[PDB]
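Presented below is the structure to which this report refers.
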Amino acid sequence: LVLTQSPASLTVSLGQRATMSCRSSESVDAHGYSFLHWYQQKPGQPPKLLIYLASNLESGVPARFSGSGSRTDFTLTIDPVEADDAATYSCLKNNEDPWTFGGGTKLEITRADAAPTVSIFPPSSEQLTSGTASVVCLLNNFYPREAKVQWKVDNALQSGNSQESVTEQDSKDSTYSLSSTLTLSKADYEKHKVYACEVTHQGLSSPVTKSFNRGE
Amino acid sequence: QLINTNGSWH
Amino acid sequence: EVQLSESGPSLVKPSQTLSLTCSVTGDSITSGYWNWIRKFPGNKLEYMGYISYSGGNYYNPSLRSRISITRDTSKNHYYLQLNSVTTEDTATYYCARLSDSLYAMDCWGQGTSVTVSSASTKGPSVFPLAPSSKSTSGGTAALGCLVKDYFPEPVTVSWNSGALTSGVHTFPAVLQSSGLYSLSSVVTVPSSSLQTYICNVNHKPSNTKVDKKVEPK
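Sequences listed follow chains B, J and A, in order.
Here the first sequence stands for residues 2 to 27, 27A to 27D, 28 to 213, where the numbers follow the deposited numbering.
Numbering of the second sequence is given in the deposited numbering, commencing with residue 412 and proceeding in unit increments.
Here the third sequence stands for residues 1 to 82, 82A to 82C, 83 to 100, 100A to 100B, 101 to 189, 192 to 214, where the numbers follow the deposited numbering.
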């Protein structure tokens, strides 16, 4: 129970107020200071110090960030929220042993729905010579994150032979991009003619099927 | 004006 | 401006010793506190320990048995050593300064990825994702490169030697069932420009650099 962050995940619209709390379970106060700090962490970047000693704003950090907690209750406020604020925020306790980090608060930006632009890529000839086929389906710049991608090979629906990964929320337009990769052996690839990627999303009226015919 | 030893400030 | 650069191996066999070096350039390590922090794939931050201005040490209790943080004041460098590493030690390791005034860590390094595994390094195969009518919509076309079967992390992908950055989406890598990583990098460009597009794949752990030209089908 050493350090509890709340909320675990957060979804706030632009220009609005986001509030997060860090629970200490025992006082981090010593010598008139609150040894609790707020860090912002973005993908592919080190943690960035926002608030040091509970309530002081670090140099170069916008005035939108503020802190005010005491003894065992701390709060980080972002107002107004900007598109660049989409990241994970952590509180650090360093008054005594042990120095610990909070689980983090994942803040997501809310925007108008954006339909994904669907693309499909047949496996390259260089890879087919090796003996493996990778079919890639791309969902580009969509919101919200939730989307369903289903592979249809000879009208049959595949399972367990595909993997997908999602990019992090874009810093500018708050969108997501997803790619689904269908991996088959060269033998299995040459047993079917039609490979289809069916996409279901909130921003689409009906599911979008992007497909191709082998050899064509 | 504060120093840290074994994690504790004093 | 304090500058922290981290160097060291990116692949360590289990039970062996992980060694990293942090070079500082702004203030002396005879002042303040100099820490090591690592980032697990789950995005969780774990504090490891520090070496003080006078050379004193404080370590996290869960790492106290196999950790070591030393320094070299003449070179203005301090070092991290982790013994008997396991797969649970695969993380992104940061070195950061703790300010005497702030009492928090305000200057960090970019971090270096370390993977703990007994498998050897392996270069990636780069396959084209050719643009076609199935990747065109409006006046924009999608193309990319499939960077498949490399180990370990990381792989950096740029387009046209960094000149092409707008519309680039380099996806987080996935771990395949074979133990190798696979990633895909795409970019959406105006369909009327099909301009030379070349993806630059770099895998420093295996000293592999591949430039692959993606031309229309």
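Every residue, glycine too, gets a C-beta built ideally from N, C-alpha and C.
Notebook entry, point to check: Which residues in chain J sit within 8 Å of A:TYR78, going by Cβ to Cβ distance?
Noted result: One-based indexing of the third sequence puts residue 78 of chain A at position 78. Correct list: empty, because the minimum Cβ distance to chain J is about 16 Å.
Notebook entry, point to check: If B:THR5 and B:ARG18 are in contact, beta carbons under 8 Å, what's the gap, nearest whole angstrom?
Noted result: One-based indexing of the first sequence puts residue 5 of chain B at position 4. One-based indexing of the first sequence puts residue 18 of chain B at position 17. At roughly 22 Å, the Cβ-Cβ gap does not stay under 8 Å, so B:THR5 and B:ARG18 are not in contact.
Check: Tell me, which residues are paired with B:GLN6 by DSSP?
Finding: Against the first sequence, residue 6 of chain B aligns to sequence position 5. B:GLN6 is bridged to B:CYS23.
Check: Roughly how far, in whole angstroms, is the beta-carbon of A:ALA125 from the beta-carbon of A:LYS210, given that I think they are within contact range, below 8 Å?
Finding: Counted from its first residue, the third sequence places residue 125 of chain A at position 130. Counted from its first residue, the third sequence places residue 210 of chain A at position 213. With a Cβ gap of about 11 Å, A:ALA125 and A:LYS210 do not count as contacting.
Item checked: Cross-chain neighbours of A:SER68 in chain J, by beta carbon under 9 Å -> Translated into the one-based positions of the third sequence, residue 68 of chain A becomes position 68. By Cβ distance, chain J contributes nothing, its closest Cβ being about 16 Å from A:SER68, past 9 Å.
Next item on the list: Alpha carbon to alpha carbon, how far is B:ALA80 from B:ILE106? Give it in angstroms, no decimals.
Entry: Residue numbering aside, residue 106 of chain B sits at position 109 when the first sequence is read from its first letter. Residue numbering aside, residue 80 of chain B sits at position 83 when the first sequence is read from its first letter. Using only the alpha carbons, I get a separation of about 7 Å.
Notebook entry, point to check: Using CA coordinates, which residue listed in B:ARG68, B:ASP27C, B:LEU73 and B:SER171 is at the minimum distance from B:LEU46?
Noted result: For the purposes of this step, residue 46 of chain B is taken as the residue at position 49 of the first sequence. Considering only alpha carbons, the answer is B:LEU73.
Notebook entry, point to check: What are the residues that DSSP puts in a beta bridge with A:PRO185?
Noted result: Mapped onto the third sequence, residue 185 of chain A falls at position 190. Answer by DSSP bridge pairing, in chain order: A:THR135.
Next item on the list: Less than 8 Å between the CB atoms is what I'm expecting for B:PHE62 and B:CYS88, so what's the real figure, rounded?
Entry: Within the first sequence, residue 62 of chain B is the residue found at index 65, counting from 1. Within the first sequence, residue 88 of chain B is the residue found at index 91, counting from 1. That belief does not hold up - the Cβ atoms of B:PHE62 and B:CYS88 are roughly 13 Å apart, past 8 Å.
Margin query: I want to see whether chain B comes within less than 8 Å of A:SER10, judged by CB atoms only; does it?
Written below: Working through the third sequence from its first residue, we reach residue 10 of chain A at position 10. With 8 Å as the cut-off, A:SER10 does not count as an interface residue toward chain B.
Next item on the list: Verify whether the separation of the beta carbon atoms of A:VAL142 and A:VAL121 is less than 8 Å.
Entry: Numbered from 1 along the third sequence, position 147 holds the residue referred to as residue 142 of chain A. Numbered from 1 along the third sequence, position 126 holds the residue referred to as residue 121 of chain A. For A:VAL142 and A:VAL121, yes; Cβs fall inside 8 Å.
Check: What are the residues of the stretch 78-97 of chain B that lie near chain A, defined by any Cβ-Cβ distance shorter than 8 Å?
Finding: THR85, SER87, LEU89, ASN91, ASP94, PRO95, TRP96 and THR97
Next item on the list: Indicate whether at least one CB of chain J lies closer than 8 Å to the CB of B:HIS28.
Entry: Position 31 of the first sequence, counted from the start, is the residue given in the question as residue 28 of chain B. By this cut-off, B:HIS28 is an interface position.
Check: Which word fits A:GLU6, buried or exposed, when buried means at least 16 other C-beta atoms lie within 10 angstroms of its C-beta?
Finding: Counting from one through the third sequence, the residue named residue 6 of chain A turns up at place 6. Buried is the call here.
Notebook entry, point to check: For B:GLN166, is the classification buried or exposed, using 16 other Cβ atoms within 10 angstroms of its Cβ as the cut-off for buried?
Noted result: In the first sequence, residue 166 of chain B corresponds to position 169, counting from 1. Its Cβ being crowded by 16 or more others within 10 Å, B:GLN166 is buried.
Notebook entry, point to check: Alpha carbon to alpha carbon, how far is A:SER180 from A:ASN35?
Noted result: As a first step, residue 180 of chain A must be located in the third sequence, where it is residue number 185. As a first step, residue 35 of chain A must be located in the third sequence, where it is residue number 35. Rounded to whole angstroms, A:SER180 to A:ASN35 spans 34 Å at the Cα level.
Notebook entry, point to check: Nearest-angstrom Cα distance between B:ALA84 and A:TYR53?
Noted result: Locating residue 84 of chain B in the first sequence gives position 87, counting from the first residue. Locating residue 53 of chain A in the third sequence gives position 53, counting from the first residue. Approximately 33 Å, taken between the alpha carbons.
Check: Should A:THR131 and A:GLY162 be called a contact, given that it needs their Cβ atoms to be closer than 8 Å?
Finding: Within the third sequence, numbered from 1, the residue matching residue 131 of chain A stands at position 136. Within the third sequence, numbered from 1, the residue matching residue 162 of chain A stands at position 167. For A:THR131 and A:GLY162, no; Cβs fall outside 8 Å.
Item checked: Beta carbon of A:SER156 nearer than 8 Å to that of A:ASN204 -> Within the third sequence, residue 156 of chain A is the residue found at index 161, counting from 1. Within the third sequence, residue 204 of chain A is the residue found at index 207, counting from 1. For A:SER156 and A:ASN204, no; Cβs fall outside 8 Å.
Notebook entry, point to check: If we ignore side chains and look at the alpha-carbon of each, how far apart do B:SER52 and A:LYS75 end up?
Noted result: Within the first sequence, numbered from 1, the residue matching residue 52 of chain B stands at position 55. Within the third sequence, numbered from 1, the residue matching residue 75 of chain A stands at position 75. Looking at the two C-alpha atoms, the distance is approximately 36 Å.
Check: Expressed to the nearest angstrom, what Euclidean distance is found between the alpha-carbon atoms of A:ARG94 and B:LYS103?
Finding: Residue 94 of chain A sits at position 97 when you count from the first residue of the third sequence. Residue 103 of chain B sits at position 106 when you count from the first residue of the first sequence. The straight-line gap from Cα to Cα measures roughly 25 Å.
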